[PDB]
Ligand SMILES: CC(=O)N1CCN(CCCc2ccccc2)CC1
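Take a look at this one chain, the form deposited without this ligand, written out in structure tokens.
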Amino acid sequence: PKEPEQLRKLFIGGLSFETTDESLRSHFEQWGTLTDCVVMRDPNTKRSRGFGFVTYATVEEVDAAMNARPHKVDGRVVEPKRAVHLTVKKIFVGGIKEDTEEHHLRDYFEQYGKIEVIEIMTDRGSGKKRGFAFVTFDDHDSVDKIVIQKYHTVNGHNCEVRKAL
């Protein structure tokens, strides 16, 4: 069956006020089938609110659109984000215990995005591993993909992953 619609939507901020449902659709249809595409407008003036949303038929199409950023739509670089926004580039990874190392976290998380920092947390007094880590990516979409998954398995551990700061 189909992925939930919420996970197939992209909120597009920073639109040109000249962008229309039709021009937004013509642009974003390059990366997949769009089941919905709307520019938000003022109810009285019909002047654009400068943002809108598109709904793809599949999550893989959302991924393709995000991987094709930056998007210049009607002459303006826009800001697409997956639907709920707390936009951050860093995650907390908990439940990794004492045997999880940098390469375990890198080999898994590098498939969500480009990693800039991996910080495996150690005890200030003893140096022993505390069983959690932070991963910083170059871009927020990695984190957005990560936190919507129900499960993360790293080094055989069932991990708790959340947005950090």
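Numbering starts at 1 and runs along the sequence shown.
Just so you know, the form solved in complex with this ligand exists too; it's not on screen, but the next bit is about it.
Three or more atoms of this ligand lie within 2.4 Å of backbone or C-beta atoms here once its pose in the deposited bound form is superimposed on the site C-alphas of this chain, so the site counts as blocked.
Although the partner is absent here, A57 lies well away from this ligand in the deposited bound form, with no heavy atom inside 4.5 Å. Contact annotation for 51-74: residues with any non-hydrogen atom within 4.5 angstroms of this ligand in the deposited bound form are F51, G52, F53, listed in sequence order.
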